[PDB]
Amino acid sequence: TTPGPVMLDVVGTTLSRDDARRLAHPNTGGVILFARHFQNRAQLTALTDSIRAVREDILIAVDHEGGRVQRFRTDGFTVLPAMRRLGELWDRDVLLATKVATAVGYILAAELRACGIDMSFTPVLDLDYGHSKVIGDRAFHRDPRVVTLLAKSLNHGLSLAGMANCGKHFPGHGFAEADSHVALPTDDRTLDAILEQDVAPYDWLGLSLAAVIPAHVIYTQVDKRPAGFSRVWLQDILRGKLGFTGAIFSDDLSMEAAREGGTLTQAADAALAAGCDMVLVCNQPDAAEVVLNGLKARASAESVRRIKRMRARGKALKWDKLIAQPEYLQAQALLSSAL
Ligand SMILES: *[C@H]1[C@H](O)[C@H](CO)[C@@H](O)[C@H](O)[C@H]1NC(=O)C(F)(F)F
């Protein structure tokens with residue numbers, strides 16, 4: 001069986017019969033985990049094992065950015081700094097910042113893989129204009145060059161553990177004022193202005209960028225549709241001008257900014273038609289199940305290639321081996337001293 005276009009979540013800390021039904025649906029391709037799915041490492045590993053036992057080709061992801069966005073913070077998961085902290089270190093010591101960024105990525109990826117997780121939805125590539133509270137300290141730096149090189153260093157650390165990455169929120173959530181969870185933000189700058197700064201990290205990263213999540217933001221001078229529903233942003237700019245061939249995941253369609261003029265299913269259809277390879281439906285699995293069964297048919301072969309390439313690569317150390325690894329311990333000691 002092959003991955004479908006829908007990433008959803010499960011109801012609890014252990015899999016239910018309803019979960020298993022959804023996980024077996026052809027249009028399911030991923031599971032995203034949140035804090036409520038975590039009690040301890042043993043429980044989490046059993047949960048991810050049981051998910052893959054139902055759907056071997058499934059992709060399991062989580063929001064592990066660090067700082068204010070890190071679902072698992074206890075039972076041995078290292079509480080990671082906010083990415084803004086690495087930009088502040090950069091302003092004191094550029095090279096040391098790149099070294100610490102890689103150490104963060106390696107800790108981040110290695111701990112998640114020890115619990116059977118494929119990937120984290122990181123790094124944030126939004127620029128730290130100071131305008132966006134929802135991003136806030138989740139952004140690395142104000143300078144797109146600095147964001148690029150810090151994010152690349154982080155992604156290198158993730159790769160060291162075989163983990164991919166996913167930049168967000170394309171083409172940039174840093175300039176708009178509002179929070180797309182609860183409102184519909186807007187960005188009234190020109191296309192060229194947006195491309196010169198906010199999009200430059202996506203272009204400069206090249207092959208070091210594995211995937212993208214678009215923002216639920218309306219860039220009124222470029223397209224009236226939010227970026228995640230915009231063929232202009234996802235195909236004309238990201239796939240065309242930038243030549244990007246990695247996976248595109250929609251930001252959560254349950255968010256207020258994603259409610260356009262109809263149902264969740266129609267929003268999913270629109271995101272996929274616009275250029276998303278996967279759509280996320282979070283915090284309402286029964287509503288996700290309606291999307292699974294109502295999704296309009298579409299060409300998916302090119303999408304499936306990209307989705308499978310987001311699976312973690314190679315073997316992963318289990319916790320009992322990782323806790324003793326010199327490289328893991330070196331990275332832990334660097335984080336404690338440099339910050
Ligand atoms: C939308 C979704 O919540 C996904 C998956 O949970 C996040 O990775 C993503 O960061 C998020 N969007 C935002 O936080 C923001 F900034 F766009 F509002």
# chains A, B, ... in the order shown; residues from 1 in each chain; ligands from 1
>>> residues_near_ligand(ligand="ligand 1", cutoff="6 Å", atoms="only C-alpha atoms and all ligand atoms", output="PyMOL selection string")
chain A and resi 63+121+134-135+169+179-181+215+251-252
>>> write_last_selection(atoms="N, CA and C atoms", output="JSON list (two decimals), in the first residue's frame")
[["chain", "number", "residue", "atom", "x", "y", "z"],
["A", 63, "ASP", "N", 5.46, 18.58, 15.66],
["A", 63, "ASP", "CA", 6.02, 19.93, 15.71],
["A", 63, "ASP", "C", 7.06, 19.97, 16.82],
["A", 121, "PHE", "N", 8.28, 19.07, 11.89],
["A", 121, "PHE", "CA", 7.95, 20.21, 11.04],
["A", 121, "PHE", "C", 8.77, 21.41, 11.50],
["A", 134, "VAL", "N", 2.43, 35.22, 16.63],
["A", 134, "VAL", "CA", 2.31, 33.77, 16.54],
["A", 134, "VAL", "C", 3.66, 33.15, 16.20],
["A", 135, "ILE", "N", 4.48, 33.83, 15.41],
["A", 135, "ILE", "CA", 5.84, 33.36, 15.17],
["A", 135, "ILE", "C", 6.74, 33.73, 16.34],
["A", 169, "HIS", "N", 6.81, 29.42, 7.28],
["A", 169, "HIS", "CA", 5.58, 29.11, 6.57],
["A", 169, "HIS", "C", 5.56, 29.88, 5.24],
["A", 179, "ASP", "N", -2.73, 36.26, 13.68],
["A", 179, "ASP", "CA", -2.47, 34.85, 13.95],
["A", 179, "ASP", "C", -3.42, 34.00, 13.11],
["A", 180, "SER", "N", -2.86, 33.21, 12.19],
["A", 180, "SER", "CA", -3.67, 32.43, 11.26],
["A", 180, "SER", "C", -4.46, 31.32, 11.95],
["A", 181, "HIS", "N", -4.14, 30.98, 13.20],
["A", 181, "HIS", "CA", -4.96, 30.03, 13.95],
["A", 181, "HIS", "C", -6.36, 30.58, 14.18],
["A", 215, "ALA", "N", 1.95, 29.15, 4.41],
["A", 215, "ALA", "CA", 1.17, 29.92, 5.37],
["A", 215, "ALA", "C", -0.25, 30.15, 4.88],
["A", 251, "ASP", "N", -0.55, 23.68, 5.92],
["A", 251, "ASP", "CA", -0.77, 23.95, 7.33],
["A", 251, "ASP", "C", -2.17, 23.45, 7.69],
["A", 252, "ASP", "N", -2.36, 23.16, 8.98],
["A", 252, "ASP", "CA", -3.60, 22.60, 9.49],
["A", 252, "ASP", "C", -4.82, 23.29, 8.88]]
>>> closest_atom_pairs(of="range 181-227 of chain A", to="range 298-319 of chain A", cutoff="12 Å", atoms="only C-alpha atoms", output="Markdown table")
| residue | atom | partner | partner_atom | distance |
| --- | --- | --- | --- | --- |
| A:209 | CA | A:310 | CA | 11.2 |
| A:210 | CA | A:310 | CA | 7.5 |
| A:211 | CA | A:310 | CA | 8.0 |
| A:212 | CA | A:310 | CA | 11.3 |
>>> write_last_selection(atoms="N, CA, C and O atoms", output="PDB file, in the first residue's frame")
ATOM      1  N   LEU A 209      16.745  21.816   1.736  1.00  0.00           N
ATOM      2  CA  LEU A 209      15.344  22.005   2.087  1.00  0.00           C
ATOM      3  C   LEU A 209      14.559  20.822   1.538  1.00  0.00           C
ATOM      4  O   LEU A 209      14.502  20.623   0.319  1.00  0.00           O
ATOM      5  N   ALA A 210      13.942  20.054   2.432  1.00  0.00           N
ATOM      6  CA  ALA A 210      13.279  18.809   2.062  1.00  0.00           C
ATOM      7  C   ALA A 210      11.783  18.955   1.835  1.00  0.00           C
ATOM      8  O   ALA A 210      11.199  18.150   1.103  1.00  0.00           O
ATOM      9  N   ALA A 211      11.146  19.945   2.452  1.00  0.00           N
ATOM     10  CA  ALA A 211       9.705  20.107   2.326  1.00  0.00           C
ATOM     11  C   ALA A 211       9.337  21.522   2.739  1.00  0.00           C
ATOM     12  O   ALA A 211      10.161  22.269   3.271  1.00  0.00           O
ATOM     13  N   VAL A 212       8.076  21.876   2.496  1.00  0.00           N
ATOM     14  CA  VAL A 212       7.557  23.205   2.800  1.00  0.00           C
ATOM     15  C   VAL A 212       6.142  23.070   3.348  1.00  0.00           C
ATOM     16  O   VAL A 212       5.366  22.224   2.888  1.00  0.00           O
TER      17      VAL A 212
END
>>> closest_residue(among="A:104, A:255, A:127, A:82", to="residue 182 in chain A", atoms="only C-alpha atoms")
A:255
>>> residues_around(residues="residue 115 in chain A", least_positions_apart="6", cutoff="9 Å", atoms="only C-alpha atoms", output="list in words")
residues 41, 42, 44, 45, 46, 47, 48, 49, 318 and 319 of chain A
>>> residues_around(residues="range 69-76 of chain A", least_positions_apart="3", cutoff="12 Å", atoms="only C-alpha atoms", output="PyMOL selection string")
chain A and resi 32-44+61-66+79-83+107-108+110-112+114-115+117+120-124+134-139+319-320+322-323+332
>>> select_by_dssp(residues="range 123-211 of chain A", states="alpha helix (DSSP H)", output="PDB file with N, CA, C and O atoms, in the first residue's frame")
ATOM      1  N   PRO A 144      17.629  37.426   6.187  1.00  0.00           N
ATOM      2  CA  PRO A 144      17.395  36.160   5.464  1.00  0.00           C
ATOM      3  C   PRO A 144      18.655  35.341   5.257  1.00  0.00           C
ATOM      4  O   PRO A 144      18.585  34.104   5.240  1.00  0.00           O
ATOM      5  N   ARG A 145      19.808  35.993   5.089  1.00  0.00           N
ATOM      6  CA  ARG A 145      21.067  35.262   4.980  1.00  0.00           C
ATOM      7  C   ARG A 145      21.362  34.487   6.257  1.00  0.00           C
ATOM      8  O   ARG A 145      21.850  33.351   6.206  1.00  0.00           O
ATOM      9  N   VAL A 146      21.080  35.089   7.414  1.00  0.00           N
ATOM     10  CA  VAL A 146      21.374  34.439   8.686  1.00  0.00           C
ATOM     11  C   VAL A 146      20.390  33.307   8.941  1.00  0.00           C
ATOM     12  O   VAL A 146      20.773  32.219   9.387  1.00  0.00           O
ATOM     13  N   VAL A 147      19.106  33.551   8.675  1.00  0.00           N
ATOM     14  CA  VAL A 147      18.104  32.493   8.773  1.00  0.00           C
ATOM     15  C   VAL A 147      18.517  31.307   7.916  1.00  0.00           C
ATOM     16  O   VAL A 147      18.480  30.150   8.354  1.00  0.00           O
ATOM     17  N   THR A 148      18.942  31.583   6.681  1.00  0.00           N
ATOM     18  CA  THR A 148      19.302  30.518   5.755  1.00  0.00           C
ATOM     19  C   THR A 148      20.422  29.654   6.318  1.00  0.00           C
ATOM     20  O   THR A 148      20.310  28.424   6.370  1.00  0.00           O
ATOM     21  N   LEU A 149      21.520  30.281   6.747  1.00  0.00           N
ATOM     22  CA  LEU A 149      22.679  29.507   7.175  1.00  0.00           C
ATOM     23  C   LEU A 149      22.443  28.822   8.515  1.00  0.00           C
ATOM     24  O   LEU A 149      22.971  27.730   8.748  1.00  0.00           O
ATOM     25  N   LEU A 150      21.661  29.432   9.406  1.00  0.00           N
ATOM     26  CA  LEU A 150      21.327  28.761  10.658  1.00  0.00           C
ATOM     27  C   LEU A 150      20.395  27.580  10.404  1.00  0.00           C
ATOM     28  O   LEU A 150      20.617  26.477  10.921  1.00  0.00           O
ATOM     29  N   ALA A 151      19.352  27.791   9.596  1.00  0.00           N
ATOM     30  CA  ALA A 151      18.437  26.708   9.257  1.00  0.00           C
ATOM     31  C   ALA A 151      19.168  25.569   8.561  1.00  0.00           C
ATOM     32  O   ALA A 151      18.923  24.391   8.853  1.00  0.00           O
ATOM     33  N   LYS A 152      20.069  25.899   7.633  1.00  0.00           N
ATOM     34  CA  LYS A 152      20.828  24.861   6.949  1.00  0.00           C
ATOM     35  C   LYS A 152      21.645  24.043   7.938  1.00  0.00           C
ATOM     36  O   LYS A 152      21.712  22.813   7.833  1.00  0.00           O
ATOM     37  N   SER A 153      22.280  24.711   8.908  1.00  0.00           N
ATOM     38  CA  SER A 153      23.049  24.000   9.924  1.00  0.00           C
ATOM     39  C   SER A 153      22.156  23.081  10.745  1.00  0.00           C
ATOM     40  O   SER A 153      22.544  21.952  11.070  1.00  0.00           O
ATOM     41  N   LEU A 154      20.961  23.556  11.107  1.00  0.00           N
ATOM     42  CA  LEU A 154      20.011  22.709  11.816  1.00  0.00           C
ATOM     43  C   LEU A 154      19.650  21.491  10.981  1.00  0.00           C
ATOM     44  O   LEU A 154      19.688  20.354  11.465  1.00  0.00           O
ATOM     45  N   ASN A 155      19.283  21.718   9.714  1.00  0.00           N
ATOM     46  CA  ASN A 155      18.894  20.626   8.830  1.00  0.00           C
ATOM     47  C   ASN A 155      20.022  19.622   8.652  1.00  0.00           C
ATOM     48  O   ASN A 155      19.765  18.428   8.462  1.00  0.00           O
ATOM     49  N   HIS A 156      21.269  20.093   8.683  1.00  0.00           N
ATOM     50  CA  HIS A 156      22.413  19.187   8.656  1.00  0.00           C
ATOM     51  C   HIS A 156      22.386  18.246   9.855  1.00  0.00           C
ATOM     52  O   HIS A 156      22.569  17.032   9.713  1.00  0.00           O
ATOM     53  N   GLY A 157      22.142  18.792  11.049  1.00  0.00           N
ATOM     54  CA  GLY A 157      22.057  17.953  12.234  1.00  0.00           C
ATOM     55  C   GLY A 157      20.938  16.935  12.148  1.00  0.00           C
ATOM     56  O   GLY A 157      21.106  15.776  12.537  1.00  0.00           O
ATOM     57  N   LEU A 158      19.775  17.356  11.644  1.00  0.00           N
ATOM     58  CA  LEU A 158      18.684  16.417  11.409  1.00  0.00           C
ATOM     59  C   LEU A 158      19.116  15.305  10.460  1.00  0.00           C
ATOM     60  O   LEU A 158      18.851  14.124  10.709  1.00  0.00           O
ATOM     61  N   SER A 159      19.800  15.670   9.369  1.00  0.00           N
ATOM     62  CA  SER A 159      20.265  14.684   8.398  1.00  0.00           C
ATOM     63  C   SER A 159      21.240  13.693   9.021  1.00  0.00           C
ATOM     64  O   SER A 159      21.263  12.517   8.637  1.00  0.00           O
ATOM     65  N   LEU A 160      22.050  14.144   9.982  1.00  0.00           N
ATOM     66  CA  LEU A 160      23.001  13.250  10.634  1.00  0.00           C
ATOM     67  C   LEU A 160      22.300  12.058  11.269  1.00  0.00           C
ATOM     68  O   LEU A 160      22.888  10.975  11.373  1.00  0.00           O
ATOM     69  N   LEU A 191       5.100  41.389  -4.844  1.00  0.00           N
ATOM     70  CA  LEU A 191       5.726  40.089  -5.049  1.00  0.00           C
ATOM     71  C   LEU A 191       7.240  40.195  -4.933  1.00  0.00           C
ATOM     72  O   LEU A 191       7.878  39.417  -4.214  1.00  0.00           O
ATOM     73  N   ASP A 192       7.833  41.152  -5.647  1.00  0.00           N
ATOM     74  CA  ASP A 192       9.285  41.282  -5.643  1.00  0.00           C
ATOM     75  C   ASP A 192       9.808  41.546  -4.238  1.00  0.00           C
ATOM     76  O   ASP A 192      10.860  41.023  -3.851  1.00  0.00           O
ATOM     77  N   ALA A 193       9.090  42.349  -3.452  1.00  0.00           N
ATOM     78  CA  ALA A 193       9.498  42.564  -2.071  1.00  0.00           C
ATOM     79  C   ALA A 193       9.482  41.253  -1.297  1.00  0.00           C
ATOM     80  O   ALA A 193      10.425  40.945  -0.558  1.00  0.00           O
ATOM     81  N   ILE A 194       8.433  40.449  -1.482  1.00  0.00           N
ATOM     82  CA  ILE A 194       8.337  39.178  -0.773  1.00  0.00           C
ATOM     83  C   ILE A 194       9.431  38.226  -1.237  1.00  0.00           C
ATOM     84  O   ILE A 194      10.034  37.511  -0.426  1.00  0.00           O
ATOM     85  N   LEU A 195       9.726  38.217  -2.540  1.00  0.00           N
ATOM     86  CA  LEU A 195      10.727  37.295  -3.066  1.00  0.00           C
ATOM     87  C   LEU A 195      12.132  37.675  -2.613  1.00  0.00           C
ATOM     88  O   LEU A 195      12.968  36.798  -2.361  1.00  0.00           O
ATOM     89  N   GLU A 196      12.413  38.978  -2.506  1.00  0.00           N
ATOM     90  CA  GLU A 196      13.770  39.425  -2.215  1.00  0.00           C
ATOM     91  C   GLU A 196      14.230  38.976  -0.833  1.00  0.00           C
ATOM     92  O   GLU A 196      15.399  38.617  -0.650  1.00  0.00           O
ATOM     93  N   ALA A 200      13.839  34.199   0.013  1.00  0.00           N
ATOM     94  CA  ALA A 200      15.234  33.891  -0.282  1.00  0.00           C
ATOM     95  C   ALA A 200      15.766  32.677   0.468  1.00  0.00           C
ATOM     96  O   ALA A 200      16.576  31.934  -0.113  1.00  0.00           O
ATOM     97  N   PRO A 201      15.401  32.425   1.725  1.00  0.00           N
ATOM     98  CA  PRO A 201      15.900  31.202   2.371  1.00  0.00           C
ATOM     99  C   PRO A 201      15.435  29.935   1.674  1.00  0.00           C
ATOM    100  O   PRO A 201      16.202  28.968   1.568  1.00  0.00           O
ATOM    101  N   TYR A 202      14.193  29.913   1.185  1.00  0.00           N
ATOM    102  CA  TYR A 202      13.715  28.743   0.456  1.00  0.00           C
ATOM    103  C   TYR A 202      14.541  28.513  -0.801  1.00  0.00           C
ATOM    104  O   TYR A 202      14.836  27.369  -1.164  1.00  0.00           O
ATOM    105  N   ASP A 203      14.934  29.595  -1.473  1.00  0.00           N
ATOM    106  CA  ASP A 203      15.695  29.475  -2.709  1.00  0.00           C
ATOM    107  C   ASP A 203      17.152  29.127  -2.431  1.00  0.00           C
ATOM    108  O   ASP A 203      17.726  28.264  -3.106  1.00  0.00           O
ATOM    109  N   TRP A 204      17.758  29.763  -1.425  1.00  0.00           N
ATOM    110  CA  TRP A 204      19.177  29.554  -1.156  1.00  0.00           C
ATOM    111  C   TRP A 204      19.468  28.174  -0.566  1.00  0.00           C
ATOM    112  O   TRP A 204      20.566  27.640  -0.768  1.00  0.00           O
ATOM    113  N   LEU A 205      18.521  27.589   0.177  1.00  0.00           N
ATOM    114  CA  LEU A 205      18.785  26.311   0.834  1.00  0.00           C
ATOM    115  C   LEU A 205      19.003  25.187  -0.172  1.00  0.00           C
ATOM    116  O   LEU A 205      19.755  24.247   0.108  1.00  0.00           O
TER     117      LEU A 205
END
>>> residues_around(residues="residue 338 in chain A", least_positions_apart="2", cutoff="9 Å", atoms="only C-alpha atoms", output="ChimeraX atom specification")
/A:89,96-97,100,333-336
>>> residues_around(residues="residue 142 in chain A", least_positions_apart="6", cutoff="12 Å", atoms="only C-alpha atoms", output="VMD selection string")
chain A and resid 83 to 84 86 to 88 90 to 91 125 to 131 136 148 150 174 to 175 197 to 198 201
>>> write_last_selection(atoms="N, CA and C atoms", output="mmCIF file, in the first residue's frame")
data_model
loop_
_atom_site.group_PDB
_atom_site.id
_atom_site.type_symbol
_atom_site.label_atom_id
_atom_site.label_comp_id
_atom_site.auth_asym_id
_atom_site.auth_seq_id
_atom_site.Cartn_x
_atom_site.Cartn_y
_atom_site.Cartn_z
ATOM 1 N N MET A 83 14.384 29.110 18.495
ATOM 2 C CA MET A 83 15.327 29.354 17.405
ATOM 3 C C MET A 83 15.864 30.782 17.438
ATOM 4 N N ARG A 84 15.098 31.720 17.999
ATOM 5 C CA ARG A 84 15.613 33.073 18.189
ATOM 6 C C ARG A 84 16.901 33.066 19.000
ATOM 7 N N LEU A 86 19.325 31.014 18.872
ATOM 8 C CA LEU A 86 20.466 30.738 18.005
ATOM 9 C C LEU A 86 20.841 31.955 17.167
ATOM 10 N N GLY A 87 19.860 32.780 16.793
ATOM 11 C CA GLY A 87 20.177 34.027 16.120
ATOM 12 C C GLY A 87 20.895 35.009 17.023
ATOM 13 N N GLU A 88 20.555 35.010 18.314
ATOM 14 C CA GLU A 88 21.257 35.860 19.270
ATOM 15 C C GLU A 88 22.693 35.389 19.471
ATOM 16 N N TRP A 90 24.399 33.796 17.168
ATOM 17 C CA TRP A 90 25.041 34.170 15.912
ATOM 18 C C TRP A 90 25.578 35.592 15.974
ATOM 19 N N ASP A 91 24.799 36.519 16.535
ATOM 20 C CA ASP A 91 25.224 37.912 16.604
ATOM 21 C C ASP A 91 26.451 38.100 17.488
ATOM 22 N N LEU A 125 11.313 29.332 8.742
ATOM 23 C CA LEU A 125 12.108 30.234 7.921
ATOM 24 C C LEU A 125 11.531 31.642 7.885
ATOM 25 N N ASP A 126 10.425 31.884 8.586
ATOM 26 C CA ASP A 126 9.904 33.237 8.717
ATOM 27 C C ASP A 126 10.981 34.152 9.281
ATOM 28 N N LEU A 127 11.050 35.366 8.746
ATOM 29 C CA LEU A 127 12.020 36.348 9.206
ATOM 30 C C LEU A 127 11.495 37.052 10.450
ATOM 31 N N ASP A 128 12.408 37.385 11.363
ATOM 32 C CA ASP A 128 12.016 38.019 12.620
ATOM 33 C C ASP A 128 11.905 39.533 12.427
ATOM 34 N N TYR A 129 10.824 39.934 11.746
ATOM 35 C CA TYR A 129 10.481 41.348 11.639
ATOM 36 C C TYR A 129 10.006 41.932 12.964
ATOM 37 N N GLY A 130 9.540 41.090 13.882
ATOM 38 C CA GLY A 130 8.897 41.550 15.091
ATOM 39 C C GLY A 130 7.414 41.805 14.950
ATOM 40 N N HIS A 131 6.859 41.629 13.747
ATOM 41 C CA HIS A 131 5.461 41.952 13.491
ATOM 42 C C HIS A 131 4.509 40.861 13.956
ATOM 43 N N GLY A 136 6.904 35.025 16.590
ATOM 44 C CA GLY A 136 7.672 35.470 17.741
ATOM 45 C C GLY A 136 9.048 34.846 17.771
ATOM 46 N N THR A 148 18.942 31.583 6.681
ATOM 47 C CA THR A 148 19.302 30.518 5.755
ATOM 48 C C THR A 148 20.422 29.654 6.318
ATOM 49 N N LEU A 150 21.661 29.432 9.406
ATOM 50 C CA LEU A 150 21.327 28.761 10.658
ATOM 51 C C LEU A 150 20.395 27.580 10.404
ATOM 52 N N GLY A 174 6.190 36.142 8.709
ATOM 53 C CA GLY A 174 6.824 37.049 9.651
ATOM 54 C C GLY A 174 6.396 38.497 9.542
ATOM 55 N N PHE A 175 5.906 38.921 8.379
ATOM 56 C CA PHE A 175 5.561 40.323 8.179
ATOM 57 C C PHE A 175 4.115 40.629 8.542
ATOM 58 N N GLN A 197 13.329 38.984 0.150
ATOM 59 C CA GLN A 197 13.683 38.693 1.536
ATOM 60 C C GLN A 197 13.049 37.398 2.026
ATOM 61 N N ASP A 198 11.721 37.354 2.146
ATOM 62 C CA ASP A 198 11.070 36.249 2.841
ATOM 63 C C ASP A 198 11.257 34.921 2.121
ATOM 64 N N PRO A 201 15.401 32.425 1.725
ATOM 65 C CA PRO A 201 15.900 31.202 2.371
ATOM 66 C C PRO A 201 15.435 29.935 1.674
#
>>> residues_around(residues="residue 19 in chain A", least_positions_apart="3", cutoff="9 Å", atoms="only C-alpha atoms", output="compact mmCIF listing (two decimals) with N, CA and C atoms, in the first residue's frame")
# COMPACT_ATOMS: atom_id res chain seq x y z
N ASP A 9 -4.61 12.96 13.02
CA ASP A 9 -4.09 12.54 14.32
C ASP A 9 -5.00 11.46 14.90
N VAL A 10 -4.53 10.84 15.97
CA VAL A 10 -5.25 9.75 16.62
C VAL A 10 -5.86 10.29 17.93
N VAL A 11 -6.73 9.48 18.53
CA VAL A 11 -7.56 10.00 19.62
C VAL A 11 -6.87 9.99 20.98
N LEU A 15 -3.83 3.27 20.44
CA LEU A 15 -4.67 3.27 19.25
C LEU A 15 -6.03 2.64 19.53
N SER A 16 -7.07 3.26 19.00
CA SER A 16 -8.43 2.74 19.09
C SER A 16 -8.82 2.07 17.77
N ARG A 22 -9.26 4.54 10.24
CA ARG A 22 -8.77 5.68 9.47
C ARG A 22 -7.37 5.41 8.92
N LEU A 23 -6.50 4.79 9.72
CA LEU A 23 -5.13 4.56 9.28
C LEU A 23 -5.07 3.62 8.09
N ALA A 24 -6.06 2.74 7.94
CA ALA A 24 -6.11 1.82 6.81
C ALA A 24 -6.74 2.44 5.57
N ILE A 51 0.97 2.22 15.18
CA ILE A 51 0.52 2.95 14.00
C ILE A 51 1.12 2.33 12.74
N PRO A 285 -10.57 14.10 14.23
CA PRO A 285 -10.38 12.94 13.34
C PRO A 285 -11.64 12.47 12.64
>>> atom_distance(atom1="CA of residue 176 in chain A", atom2="CA of residue 265 in chain A")
26.9 Å
>>> select_by_dssp(residues="range 78-306 of chain A", states="strand (DSSP E)", output="number ranges by chain")
A: 119-120, 167-170, 186-187, 211-214, 218-219, 247-248, 279-280
>>> atom_distance(atom1="CA of residue 183 in chain A", atom2="CA of residue 256 in chain A")
5.7 Å
>>> atom_distance(atom1="CA of residue 206 in chain A", atom2="CA of residue 56 in chain A")
29.7 Å
>>> closest_residue(among="A:267, A:214, A:242, A:165", to="residue 254 in chain A", atoms="only C-alpha atoms")
A:267
